Each structure stands twice: as C-alpha cells, then as structure tokens.
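A.B. asks: here goes the first bit of my complex:
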Amino acid sequence: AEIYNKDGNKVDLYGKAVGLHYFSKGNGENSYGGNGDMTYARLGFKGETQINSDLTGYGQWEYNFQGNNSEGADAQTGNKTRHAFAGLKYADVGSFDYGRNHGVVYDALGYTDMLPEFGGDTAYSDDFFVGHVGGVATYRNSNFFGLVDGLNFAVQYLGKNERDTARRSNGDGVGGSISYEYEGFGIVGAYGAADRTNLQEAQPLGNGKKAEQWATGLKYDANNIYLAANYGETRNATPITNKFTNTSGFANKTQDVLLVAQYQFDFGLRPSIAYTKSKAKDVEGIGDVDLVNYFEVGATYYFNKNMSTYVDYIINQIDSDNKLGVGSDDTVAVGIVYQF
C-alpha cells in the first residue's frame, strides 16, 4: 500500500497475513512439507526517491513474523529479515544495491517459482546464488543501456559470510544473469561461482575448493497463460543432510528441472500443474539420490487484489527406499491470505 508521496519520495508499506495449514499422515515427519499450523505474516517497506530525472534512490526491507509459534521461548522461531538493501538506478547505465538480496541464479529460478505454496525447491536460502543471501552487491542493466529491447543482464559479487554453521556459510563469489523477453515468451540463463569456507569443506558430504550454480529458463506469459520450464545443475552447493545418521553437507552434483503450467481466469481461479525433480550425483558414499521429486496440482482463487484462498496438493514421487530418508508422504496446503 502506497502510504506516503511528498517532496518526491514514494514509500510503500506492504504486508500479508496467510492463515496456512499443512496436511500429511499423522504429523507428516516422512512427508514433503509437514503437518499442522504454518500461519505467518510479513511486513516490509519499498521506498523510492527521485534525485534527478535519471537517478532514483531505493531501499527495500521485509521481515517474516510466524503465527504458528506459541508465546514461549519459541515465539521467535522462523522470524527473519527476508530483504534488506538500498540502491541507485541511473538513466540507462543500470541499478546497484548492496545488502540481503536475491542471487543471480534466482533470476533463472524465478521463471518457475510460481506454485500457490510450494515449488522453487532449488532456491535455497543462504545457498550462494539461488535465493536470499546476506551482504551482496548486485549491478542490474535493463534493455542493454536502453539500446536493445528485451535483452537484460545482471552481475553479482556476493561477499564472504563466515557463519557459525556451514549450512549458511559462503565466501567471495561472482554471478551473472541474462534474459530476453519478446512479446510473451521469455528466456533466461544465470550462473555463479564462489570459494567455499573452510568450515564447509570440513563437512562429511561434498568435496571441492569452490561452489558453483547455474540454471536456464523458458516461459510464456500472455493470454492469461503461464508455461514455465527451467533446468540447472549445482556442484558442491546444495545442502542435503542424511535423515538416518543426521549428518549434513553439500551434494557433489545435482540435476534439477522445474515444469509449471497454470492458466489464469479473469473469474479469479488459477489452476496449476507442476513437476519438479532435483537428483543428487556423487553423494559422499550413497551416489545418486533424489533430493526432491513430485507432481503438483494447485488451485488459487484470488477474490480481489487484496484477498485470496488456495490449495496446493503435492503428489510426492519419492520412493520409500530413499537412501537419504527424505519424505515420501504427500502434503496439501490450505491457505487464506489477506494482504495490503
């Protein structure tokens, strides 16, 4: 909701309130998602200022508040800052922001991250270039300095974050992305590589001096139709954690595909089908394991622009003999989301 425009500074304060619930077989411990309450609410601001006819300043922020938690010591469980950065867009030169932003490989992963509740499984938080990552400088360029229409590229730095845990750690990195949209159709191809922290390399699973992610995507966005498809492979990046022995680490090689097909009613109902598959290779002692693999049947009915409900049943494809203990039961979400 735009709540202030004066002396030429726009400030949008937005928020959600998703009443959410997962259903699986008796506390879905062996399922895709889980079981019970998932109610959460977000609260961020978008702020743009106009210094010149060409130069604008922005700063975005976004915090996650969890409603499933009690008022005990776990009241903060899941509370986190999703977005926090500030930047300058200048004429046709391009934009530049630093802070906690998306990774270049999310530009490519964005094409398919569109299911009502689930999807975008490959887009891990604090996993280098596929999602929210702390302290990252990002230069983006739209329409190649205004010359070519549709061709966009971006270039990302991503500085070192020596975390206490190896799960969220990262070192000096480099990332790129390229897109081309031509009347409905869309192609994209991102790639990024970074040094792995010594704590990450001292993990049981996964070996290699540096981490690497890339993915390429196609989409059709016209006539109230979305057909999204992307594929990507990580090498020494994806967290995997064996459920049996409770020993975590990174997958030496992954092969990930996302297919999304949804149609949009002007009536409001948006049915969605989706198939995802992320398969690990060269697992330190197991070999080829399926991280995630399923079919999706989703129907979101937007009431107005400020209110909706949705259902996301996920056909869990993972066989019971999963040599990593990853869930094999089915999950279905039921949500009523208000926003502003």
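C.D. replies: Everything's here; your move. Numbers count the residues shown, from 1 in each chain, chains lettered A, B, ... in the order given.
A.B. asks: now the helices for chain A?
C.D. replies: Per DSSP state H, chain A carries helices over the ranges A:104-109, A:198-201.
A.B. asks: direction included, what does the longest strand seen in chain A pair up with?
C.D. replies: Counting by DSSP state E, the longest strand found in chain A is strand A:287-304. Applying DSSP bridges, strand A:287-304 is found paired with strand A:269-283 (antiparallel), strand A:307-316 (antiparallel).
A.B. asks: quick one: it to chain centroid distance?
C.D. replies: 14 Å (CA atoms, centre = their mean, to the nearest Å).
A.B. asks: got it, and stretch A:203-222?
C.D. replies: On CA atoms, centre = their mean, the centre of stretch A:203-222 falls 12 Å from that of its chain.
A.B. asks: buried residues, that stretch. List them.
C.D. replies: Residues A:203, A:205-206, A:208, A:211-217, A:219, A:221 are the ones in stretch A:203-222 that count as buried (16 or more other CB atoms under 10 Å). All C-beta atoms are positioned from the backbone trio N, CA, C, and that covers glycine.
A.B. asks: ok so, going back, can you redo the helices of chain A as TSV with distance to residue A:88 and mean neighbour count?
C.D. replies: TSV is the format used below for the helices of chain A (distance: least, CB to CB, whole Å; neighbours: other CB atoms under 10 Å):
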stretch	distance to residue A:88	mean neighbour count
helix A:104-109	19	28
helix A:198-201	33	17
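A.B. asks: nearest to residue A:306, of the ones you listed?
C.D. replies: Nearest to residue A:306, of all those, is helix A:104-109, at 26.5 Å by CB to CB.
A.B. asks: now for that closest one, which elements pack on it?
C.D. replies: strand A:151-156, strand A:173-182, strand A:185-195, strand A:210-222, strand A:225-235 (3 or more CB pairs under 8 Å, 6 or more residues apart in numbering; DSSP states H and E).
A.B. asks: let's add chain B too:
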Amino acid sequence: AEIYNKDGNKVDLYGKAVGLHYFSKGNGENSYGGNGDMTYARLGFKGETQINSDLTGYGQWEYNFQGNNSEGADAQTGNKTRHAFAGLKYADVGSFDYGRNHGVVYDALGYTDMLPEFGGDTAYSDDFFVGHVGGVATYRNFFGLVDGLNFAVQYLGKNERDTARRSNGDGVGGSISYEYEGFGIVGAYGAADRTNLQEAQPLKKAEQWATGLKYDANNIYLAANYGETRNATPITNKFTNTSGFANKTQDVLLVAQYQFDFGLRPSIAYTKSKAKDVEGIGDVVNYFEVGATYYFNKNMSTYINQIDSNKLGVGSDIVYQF
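C.D. replies: Next up, chain B placed on what we already have:
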C-alpha cells in the same frame, strides 16, 4: 490509525508505547508480578477488503516488542506474535478465519478481562480455549433474524510444541451470547485431546468453560464471570519443581468500573481461582483490585493479594497510542 482506504480496502496501522515500572517489596521475588522496568510496545495492522456488498475479507496481525530488555543477548525475550488471522465475512451468514486468534472460552471470559493492566488471570496463553492460541479455525445475530444474540463454533488443530505448557490436540468449542438493555449474557465451553507428552506430566482430555453477565451504560461497567477448567490450567510448584495441569479449577471474576467524563475511571475488581483434586496436595490465585485509569483523549491515558504465605509458593506482596 486508518492509513489507507482505496479501491474498497481499509488498512489500519496501530501501535502503543507503554512506559511502565512495577513496584513490590525490594526485588519482589514472591510477589504477584515483579519489580523494575516493564516498558513495552505493540505494533499491528487491521485490514478489511470489500469483495461485495455481502462478502468482505479481513486480515489482522499484532506483535509485541518489550522495552525492559537490554540491547544485549536478552533483547528478544517477551517479543511474540500476538494475533495473526485472515477470514471472510459473508452477508448475514457469518465470519470464518484461521490463524492465531481468540478462543471461544475467551468470549465469555473477556466479559471481565477489562482491568487497566492486571485481571483476566484465568485467560492463559496457549491454554486450549481461554487465550491467544496458535492455528485455529473460527466461525462466528443468528442469520440476521434474531438481533442481540451471537454464537460461534471453533475447531483448534493439534500443535505438538516442545514444552507441555503450549501443546494441544484436536478439539471442539462453542460460544453463545445475548446482549440488550445495556447488559449481556454469554456461555462458552470447549474440550480437546491432549498430546502423549501432556498425558505424561506429573501434576488425556482437557475441558474449559465460563459464563459472564455484564452491564455498560451511564458510564458504568459491572462485570461478573465464573467457570471451571478440567485437566487444562498449568500451575506447577516452586518447592517441589514439578509442572502439570490442574484436574479441576473454580474461577470467579468480579469487576465494577465507572468512567467519569472528567477522565479518572475508578475500577474495583475481585478475582478468585482455586484448583481442585490436584495430584499430590488436593485443593489450593485470589485478590481484590484497586484501579484508577485517567482517559485523556482517544490516544493518551495513564493508570490486594489474598494468598497466605500456601503449599505452592504463590506470590503475595503512561500509555501513548495511535
């Protein structure tokens, strides 16, 4: 504060800044509350959208920020998401919302939860149906026909918390009220399955109910509520270091408050809750209240334990808003 209204969507962003200090004998170890700083702040949003003339959508949220905490490692303590739900009201059919909302037994218990700071002692958080409870589906003047009487039905899904205090299972709850002639009646009850963790506590189904009768007119507030819980109320022991729920409790809440247009609102209240047939000690909070809250405008305002020295060790001895 209503901060946005456009294209059929009202959005209210509200907040408080209570500067509060507690006073008891010395450090108030065995007191009602505590002693020292108690400063805190609320900040939440309310948000209704008009889908139709009949169908309106809503969403609320509220989070607590404590001020008495230092800026160090303890800064997050007390910070909690109070309210968070999203629902639909439809013509005279009624409302339905899911998320962290108010329990049906609070509808009847809320008749007396109107003291300045204290009061509503039986309204325990994450305690089945008597307070702020996580993830709960809630349906709330009889199809528009009979005005002045409202009913509600609540579901409450299972919540497998680490601690026994906050856990629960599948349940059912009802509430029915009737208000007229500046007065109101209400009666709510609920029952639920307990987790095996809950069943395995020293001190497997929980029951809680209460009724309330009140009168508000001529700036006079006369509230009374009474009810009993069964295998619900947590209490634990300080001496024995043993936690658990009370087999049965006997709870009464008596409030009388008069609002003087001058601003001073004197409030006299008496509360009493006695646990029954507790496994170890048998039958064992109760006090009389003195309160004067001074309403300035629509924003600014400012504002006797009867428990013998007890086999349990129960204690003895300015708000801006927008």
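A.B. asks: pretty sure residue A:63 is touching residue A:45, no?
C.D. replies: No. The criterion here is CB atoms under 8 Å, and residue A:63 misses it with residue A:45 at 10.0 Å.
A.B. asks: now the spatially closest residue to residue A:80 that is not a sequence neighbour: how far from residue B:84?
C.D. replies: Nearest residue to residue A:80 in three dimensions, chain neighbours excluded: residue A:64, at 4.9 Å (CB to CB, 6 or more residues apart in numbering or on different chains). To residue B:84, residue A:64 is 12 Å away according to CB to CB, to the nearest Å.
A.B. asks: need the overlap of contacts for the two.
C.D. replies: residue A:40 (CB atoms under 8 Å, 6 or more residues apart in numbering or on different chains).
A.B. asks: and these two? Which one has more around it.
C.D. replies: Neighbours per residue, other CB atoms under 10 Å in any protein chain shown: of residue A:64 and residue B:84, the larger number sits with residue B:84, 30 against 15.
A.B. asks: correct me if wrong: the more buried one contacts residue B:60.
C.D. replies: Yes. The criterion here is CB under 8 Å, and residue B:84 meets it with residue B:60 at 7.1 Å.
A.B. asks: backbone dihedrals for the residue in the stretch 151-300 of chain A that chain B sits nearest to, both of them.
C.D. replies: Residue nearest to chain B within the stretch 151-300 of chain A (CB to the nearest CB): residue A:268, separated by 9.8 Å. Backbone torsions of residue A:268, given as degrees, to the nearest 10, read phi 140, psi -30.
A.B. asks: which residues touch residue A:56?
C.D. replies: Per CB under 8 Å, 6+ apart, neighbours of residue A:56: A:48, A:49, A:50, A:88, A:89.
A.B. asks: slot chain C in:
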Amino acid sequence: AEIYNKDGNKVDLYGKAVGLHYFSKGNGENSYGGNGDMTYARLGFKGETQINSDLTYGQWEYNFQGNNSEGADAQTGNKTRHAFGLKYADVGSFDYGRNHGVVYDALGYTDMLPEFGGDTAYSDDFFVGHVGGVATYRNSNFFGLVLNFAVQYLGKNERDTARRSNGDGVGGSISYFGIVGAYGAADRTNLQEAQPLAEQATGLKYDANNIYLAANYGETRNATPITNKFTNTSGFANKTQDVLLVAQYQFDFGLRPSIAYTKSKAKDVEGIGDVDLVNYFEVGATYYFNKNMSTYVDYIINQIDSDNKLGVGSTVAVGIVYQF
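C.D. replies: If we add chain C to the chains shown above, we get the following:
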C-alpha cells in the same frame, strides 16, 4: 514520514535501509570495527497528540539486522532502541521507558560521525546511552525565562549478566557556539560490585555557516565495562579519561568531509591498572544525495598499539542508506 494527521494527532512512521560493509586486512581479528557485511534496517514511530492547550508523545524504534542468515542467527542484533511522555506549557517534559541517558546529552554533541564515533556512548552502560525504564523530567528554555535542563530517575534493572545490570540512580544535565554539562551516579548492582575489575561529562559545539566544530571531555568512575582477550575476564574500568574531537564542513554540493580524533584511557582498573581503551584518527566523506538517499566512506587510522594491554585491535565503512 508523517503518515496520519486527523483529530489533531501526528503519527510519524520512519525507517532506514543501510547497506553497510566493513573492510580490514583479510579478516577483522585485530581491527577497530570488524569486517564483512553490516547491512541493517530501522523501523519506529514518533506519535504526538495535543490533549489540551499547553499539555500534549509516544516513541518506539526497533533494529532488524540484515547480515544475519535465515538460520538460527536471524535475531542476532535485533533489538528495541526506544520505547516510552508529556510536555505542559513552560513546565517542561516528563517520560518513562527505554530512552537516552543524561550523559548522552554531553556525548551527543560529538556522536556525529558517518558510521563510527561516540565510543564513550555504550548501550546499557549507566547513563552514556540507551537505557531501559527511566523517568526523565526535562524543561525547555528554562520555563521560557532564558538554558535547558533535565533529570532522570533510572529504575532498578536486575539483569542476569553483570554488563547489562543497573540499580536506582540520579542524573542531571544543563545546556545553553553551544555548551553543555551532565552528571550521574547510581548504586552498583550486586554483580557490578562482585566483578573482578558508579559516577560519570561536558560538551562544546559550533553549528553555523555550514561548519560543525565539536569537543567534549568526560571521566568515568567504575562504569565503563571492558574485558581482555588474554585472561578472558569481564570487569569495569575504575576510572577512564575520554576526549572526542569532531571537525566537519558541509558543502551545499552535498559532500560532507569529516575528520575526528577520539581517545578513552582507563585508570587503576583492578588487574591492568592504567590502559588506553580506544584511540584513532578518522577521515570520512559522507555524500547526502537528497534528504533521504545518501552514501558514505569512513576510513579510520587505528592509533591502538600492537603490544597492547587487553589486546584491543590494531577498518573502513562503506554505506548506502535509503531512509524515510
């Protein structure tokens, strides 16, 4: 940003989004400030209502850190800065809650650097910074006679750690180029007295013709906390001698170059005796774009000895802050 005026009530909801990063040789083991990401965000409200003709506030401010991951460390740095009053005619103000310390009034004249500076202003350290639950009576323009004064009550705060604990105390400040002086003393906590290693400054400033010349001196008495890397033991400097010098000229162009020198030295601390806490030379060039978006560089020449008692480090910030 004022987001609501109706029925004579102003509700200003403000916020920032600072993209910060510290630079040091390889890692920040033996540096002043640190190294890596420092991105954070502020978000509070300033709420004033007029009750009558003469008598009229409620303020709050929370910290959200951005260098944290969405793992377990997400609330690392998250905290409330402010939460609390009335001003009546010429009587003056009075508020209770988590607010500033009276010794900050003198320290505030020099707490004016891009990112660093104001080292004497520790959080929850007697009266030199942000402290919880304090009644503060402040009077404006001396009842309209001339001069400004304030009195803080500072309630007891029985904290688990010795560093963040506090008891009852009293502090005063008076201000009127510009000069100011503040003093405060309080009963030390049980754990304050039971620690191996309290009373506490006056200020001068000149803010006119696009120049800011700031100078203040202060001495601590068993309140400034410190620990040493060698013996890993917490405590309090029995006495410190603190100086802050700030000299900056603000161009109409927008660029604001700043040079600053700070020095705080502890005295007869039970264990190390007289040691120098912090000492450096600062060169900063903050560039205000407009009244919202701005950036800054903050190079700091660390004047702490290598062979240093307590082993304090022997840095340069780069920020791009949007605000509202």
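A.B. asks: ok chain C is loaded, check the nearest residue to residue A:80 again?
C.D. replies: residue C:74 (3.9 Å).
A.B. asks: what's the burial count for the one you found?
C.D. replies: When neighbours are counted by other CB under 10 Å, residue C:74 registers 23.
A.B. asks: contacting residues for the residue in the stretch 151-300 of chain A positioned nearest to chain C?
C.D. replies: Nearest to chain C in the stretch 151-300 of chain A, going by CB to the nearest CB, is residue A:168, at a distance of 3.6 Å. Residues counted as contacts of residue A:168 (CB under 8 Å, 6+ apart) are A:126, A:161, C:69, C:70, C:71, C:73.
A.B. asks: in those residues, find the pair that's most separated.
C.D. replies: Farthest apart among these by CB to CB are A:161 and C:70. That separation is 12.1 Å.
A.B. asks: wait, residue A:31 touches residue A:326, no?
C.D. replies: No. Applying CB under 8 Å, one finds residue A:31 not in contact with residue A:326, separated by 10.1 Å.
A.B. asks: how about the contacts made by the residue positioned nearest the centre of chain A?
C.D. replies: In chain A, the centroid-proximal residue (CA atoms, centre = their mean) is residue A:123; its distance is 4.1 Å. Shown in contact with residue A:123 (CB under 8 Å, 6+ apart): A:106, A:109, A:113, A:130, A:131.
A.B. asks: and what of residue A:339?
C.D. replies: Counted by CB under 8 Å, 6+ apart, residue A:339 has contacts A:14, A:15, A:16, A:17, A:306, A:307, B:47, B:59.
A.B. asks: can you do 10 Å?
C.D. replies: A:1, A:14-18, A:41-42, A:305-308, B:9, B:11, B:47, B:49, B:57, B:59, B:86 (CB atoms under 10 Å, 6 or more residues apart in numbering or on different chains).
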